[PDB]
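To start, the structure itself, in structure tokens.
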Amino acid sequence: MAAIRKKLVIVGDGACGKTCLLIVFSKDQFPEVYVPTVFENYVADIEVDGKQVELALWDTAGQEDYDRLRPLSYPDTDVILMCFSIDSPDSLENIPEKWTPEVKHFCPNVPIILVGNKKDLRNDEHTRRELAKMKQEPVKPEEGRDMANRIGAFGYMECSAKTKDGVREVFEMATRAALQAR
Amino acid sequence: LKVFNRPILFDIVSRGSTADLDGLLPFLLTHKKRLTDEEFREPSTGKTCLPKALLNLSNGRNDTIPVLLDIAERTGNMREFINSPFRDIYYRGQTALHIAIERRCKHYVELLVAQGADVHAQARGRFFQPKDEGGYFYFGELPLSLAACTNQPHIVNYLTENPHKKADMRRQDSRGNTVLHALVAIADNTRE
């Protein structure tokens, strides 16, 4: 019938590849030559179960001049992808204390889909060696379970834009979470 | 000339002086900048150059629109430039397509949609709200609803029937109101 429009906004720390994930879901090809800092004004056609949904993608950054404009993309949101880095432990202790309060205050009563990106990099030799140099280890799935438990996330899964795993499933889950109007 | 800042760009585009855009090609390409960056957009509302050009129309014709669109497509962010939503709470969601429709300019909306203008962008700002909810004009929060609510049958026919992209009349806005619901909403009891 008539496709329903749902607004998805992706929030994550710097250099997490959220924009890379957006491009790889959009054109089904990872851009290895040019990665725009933000992907904006895109609508994607998705189907979950007998429904057609146009998902409008919004990307928020904080590298420069984007932190002040981050609150401008919060109102009238429908679903949030709260993402972190699997190959970066410091990307998990920053999840609850600074992202969560502002996302809850600005846009309350919305489903939370916290995800971890670059799932293939947790087994990379270089990242493991660099982490073990300062006594750190890749983000374990137990860490993701704890993250989903303490923030009450709708669902958590690992995606890697390099090997194209579960991105369609991730966005299907996000749209499904957006389907229920609280 | 050799330096293109935001106030200068808006000063040129308000008057529709196309010749001053001749130097627009190198300056961007030399500096790897885009028309959609924060430098070239109004800080108050997030308005870009295209809505400013469409707002300031001389006798209904602004010759700088095709040149701006061509430079945007050569820049590589044509899609991101065509539909640049406003950011202020007072005009949130408005798109250059909405401004073209609200100006009763069929040629500009034709030339805009055919190259990638989203026909479902919901103008859900505080200005586009019912008069009983702190607003001035509620047209249905949709380009097709707006075209139907401003009594523009030709643009409605073009939007519904166009090879490029058609906006289905069964689509619902944020309120759930379809095109018929919006057309009822704008209606008065006057005969005309």
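The numbers used for chain B are those of Swiss-Prot, and the residues that appear cover 146-337, in sequence.
According to its header, the structure was obtained by electron microscopy, 3.4 Å.
Every residue gets a Cβ built from N, Cα and C, even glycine.
Database features, via Swiss-Prot:
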BINDING   B:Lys192, B:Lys197, B:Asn201, B:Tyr236, B:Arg237, B:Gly238, B:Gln239, B:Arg248  ATP binding site
REPEAT    B:237-266  repeat 'ANK 1'
MOD_RES   B:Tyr253  phosphotyrosine
REPEAT    B:284-313  repeat 'ANK 2'
Report, as numbers and ranges, which residues of the same chain sit near the repeat 'ANK 2' (B:284-313): CB under 8 Å and 6 or more residues beyond its ends.
238, 240, 242-243, 246-247, 249, 251, 254-255, 258-260, 262, 264-269, 273, 319-320, 322-324, 326-328, 330-331
For each of B:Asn201, B:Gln239, count the other CB atoms within 10 A of its CB; which of these binding-site residues has the top count?
B:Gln239
Surrounding CB atoms that lie within 10 Å of the CB of B:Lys197 (ATP binding site), all protein chains:
18
For the ATP binding site, please report the maximum Cα-Cα distance among B:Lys192, B:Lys197, B:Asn201, B:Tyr236, B:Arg237, B:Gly238, B:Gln239, B:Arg248 in Å.
20
Spatial neighbours of B:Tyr253 (phosphotyrosine) that are distant in sequence (at least 6 apart) but have CB under 8 A:
B:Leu199, B:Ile210, B:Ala245
What number of additional C-beta atoms lies within 10 angstroms of the C-beta atom of B:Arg237 (ATP binding site)?
21
